[PDB]
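>>> from the sequence below, what's the structure:
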Amino acid sequence: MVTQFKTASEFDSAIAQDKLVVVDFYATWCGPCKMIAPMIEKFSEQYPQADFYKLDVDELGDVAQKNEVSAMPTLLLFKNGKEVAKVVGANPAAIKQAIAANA
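Residues are numbered from 1 along each chain as shown. The protein structure is shown below:
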């Protein structure tokens, strides 16, 4: 599956003890930023153990600032309600391995 985040009250649970969650902090702007939504989902089939969510840089612009992620888009990894890695760019090369060694 795949979903986004509008309220921190949601994403807060996603990380909180729940394996490795791959949340993207795509910029509220940018052009080819929506084409990732389907991709972010395609990866959920290879790492079903990990949750593939998405962060809103418009609604949760802060969470994008807290982690210092204002790219467009960006990939954020979190283990057991904690962190693990951050690689701005879900280009077929890291977004896959990043979810392996981590999860």
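>>> now do the contacts for the closest residue to residue 53 other than its chain neighbours.
Setting aside the residues directly before and after it, residue 53 is nearest to residue 23 in space (CB to CB, 6 or more residues apart in numbering), at 4.5 Å. (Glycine included, C-beta is placed from N, CA and C.) By CB atoms under 8 Å, 6 or more residues apart in numbering, the residues touching residue 23 are 5, 11, 14, 52, 53, 54, 55, 75, 76, 78.
>>> and if you look at residue 98?
Contacts of residue 98 (CB under 8 Å, 6+ apart): 22, 75, 77, 85, 87.
>>> look at the residue nearest the centre of the chain and give its secondary structure.
In the chain, the residue lying closest to the centroid (CA atoms, centre = their mean) is residue 23, at 1.3 Å. Look at residue 23: counting by DSSP: H, G, I helix; E, B strand; the rest coil, its state is strand.
>>> and the end-to-end length of stretch 56-67?
Stretch 56-67 has an end-to-end distance of 13 Å (CA to CA, to the nearest Å).
>>> residue 8 contacts residue 66, correct?
No. Using CB atoms under 8 Å, residue 8 is not in contact with residue 66, being 9.7 Å away.
>>> between the two, who's got more neighbours?
Legend: neighbour count by other CB atoms under 10 Å for residue 8 and residue 66, higher for residue 8 (14 against 11).
>>> next, the more buried one: phi, psi?
Note on residue 8: backbone dihedrals following degrees, to the nearest 10 are phi -60, psi -30.
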